[PDB]
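Peer 1: Mind looking over this structure? Questions follow.
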Amino acid sequence: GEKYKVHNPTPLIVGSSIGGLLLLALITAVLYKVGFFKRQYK
């Protein structure tokens, strides 16, 4: 609509945005397992 001609990609931002949740959730789970979030020193 507006100078929305950046094309406010529906495919790239929505598709990319998911990748953020892709990487984030996956990384967080790995860290938990290795006990990283188990935070040392108890």
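Peer 1: How large is the helix-only mean residue ellipticity at 222 nm for the chain, computed as the sum of -39500 (n - 2.57) over DSSP H runs with n ≥ 4, divided by its residue count, in deg cm²/dmol to the nearest 500?
Peer 2: -20000 deg cm²/dmol
Peer 1: Okay, next question. Taking only the alpha carbons of the chain, what extent do you get along each of the three principal axes, in Å, biggest first?
Peer 2: Extents along the principal axes, in whole Å: 54, 15, 9.
Peer 1: Relative to the longest principal axis of the chain, what angle (0 to 90°, nearest 10) does the C-alpha long axis of helix 10-33 take?
Peer 2: 0
Where a number appears in this text, it was derived from the coordinates with a stated rule and is not lab data.
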